[PDB]
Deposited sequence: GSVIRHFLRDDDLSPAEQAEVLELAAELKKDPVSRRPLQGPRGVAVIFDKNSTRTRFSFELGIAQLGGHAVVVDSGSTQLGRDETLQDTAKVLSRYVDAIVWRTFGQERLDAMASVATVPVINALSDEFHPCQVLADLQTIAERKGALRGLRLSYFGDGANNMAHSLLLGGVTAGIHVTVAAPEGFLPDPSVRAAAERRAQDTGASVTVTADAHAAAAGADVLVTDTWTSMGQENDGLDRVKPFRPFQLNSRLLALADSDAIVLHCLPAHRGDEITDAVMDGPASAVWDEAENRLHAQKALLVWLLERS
């Protein structure tokens, strides 16, 4: 069998993503019913930069699959040497790293599945959790309208583009000039959207992006590695704040998503986070179920 990896959202076809999302709903209902790692078999969970929430969710999820997560947090060894030995110890490799080329290198030589837990360019597992949450609140994903606001070149904007159009969602990214999606990601999303009937829109007009939306999404304006980049990373993003005024422009039944943690008062307001349209708490919980589903699916296919 071909060893499958999940390094970016479009590594799953539309039909494969639907299978993983259906499995996430099944696992939420029956969380110890799938035990492919019974033994326990190991899963490596490796951090080039520590992420407590990522480690938390995978550590518990792997245990609930019957496995034992071995956490290695933040040189002496080539990536090829690491892939070779880990393939003897564990049944999958979950890795939080920086550049995408490193994930590609690991996945090219490892003989077990490699999962991008979180990287600079993509956050594929969080977007599976998002799609699971939208399906819970709204039903069918195909044809929904989703708008993301803020830094249009960060990992969530890229993954909402790719994962969203894979699900058949029309995705809009509202971002200031200078902060737009990577051209390669945008072109890949446009091509994938052709297969599903979705579309890709990029705009600097936050009000137009909010009008008619079914889902509004935002994220922190600045990652830790961007704090020293020299830019004023507040002034450009203020018009893109997800506040009550913006939300009132969307569909009456619109929901709001936000990868945690949120910086209340910056990209999102208290009234929105804590109001009836907020799905952020279900979204955070569903990271557990969606990651378990992804692991089960990759392991069975590999």
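No C-alpha positions are given in the record for the deposited-sequence stretches 1, 76-81.
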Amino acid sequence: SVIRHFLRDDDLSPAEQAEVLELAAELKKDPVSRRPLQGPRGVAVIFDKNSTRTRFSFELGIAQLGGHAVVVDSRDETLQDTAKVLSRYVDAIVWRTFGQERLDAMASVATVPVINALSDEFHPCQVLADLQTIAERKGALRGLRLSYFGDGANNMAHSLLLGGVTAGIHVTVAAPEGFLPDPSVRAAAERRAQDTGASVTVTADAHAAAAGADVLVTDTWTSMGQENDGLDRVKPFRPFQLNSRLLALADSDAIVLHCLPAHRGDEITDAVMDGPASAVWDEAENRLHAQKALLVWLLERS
From here on, numbers count along this sequence of modelled residues.
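So that the term is clear: the rigid core is the largest set of C-alpha atoms that superpose within 1.5 Å between two forms.
Of 62-70 and 42-50, the stretch whose C-alpha atoms sit farther from the shown form in 9 other deposited structures of this protein, after fitting on the rigid core, is 42-50. Between stretches 75-83 and 128-136, greater average Cα displacement in 9 other deposited structures of this protein relative to the shown form, fitted by the core, falls on 75-83. In all of the other compared structures of this protein with flanking residues present, residue 91 is modelled, so it falls below the one-third mark for missing coordinates. Of the other entries compared for this protein that flank it with modelled residues, all give atoms for residue 218, so not even a third lack it. Mean CA B-factor, 226-234 versus 150-158: the higher value falls on 226-234. Annotation for 78-86 versus 167-175: the higher mean temperature factor (C-alpha) is found in 78-86.
Among 249, 27, 44, 60, the highest C-alpha B-factor recorded in the PDB entry belongs to 249. Within the listed group 207, 145, 96, 186, the record reports its top CA B-factor for 207. Among all modelled residues in this chain, the alpha-carbon of residue 68 has a temperature factor (C-alpha) in the lowest third. For residue 115, the recorded CA B-factor ranks within the lowest third of the chain. Only modelled residues enter the ranking. Among the modelled residues of its chain, residue 55 has a C-alpha B-factor that falls in the middle third, as given in the PDB entry. Split the chain's modelled residues into thirds by C-alpha temperature factor. Residue 33 is in the lowest one.
Placement of the Cα temperature factor of residue 39 within the chain: middle third of the modelled residues, per the deposited record.
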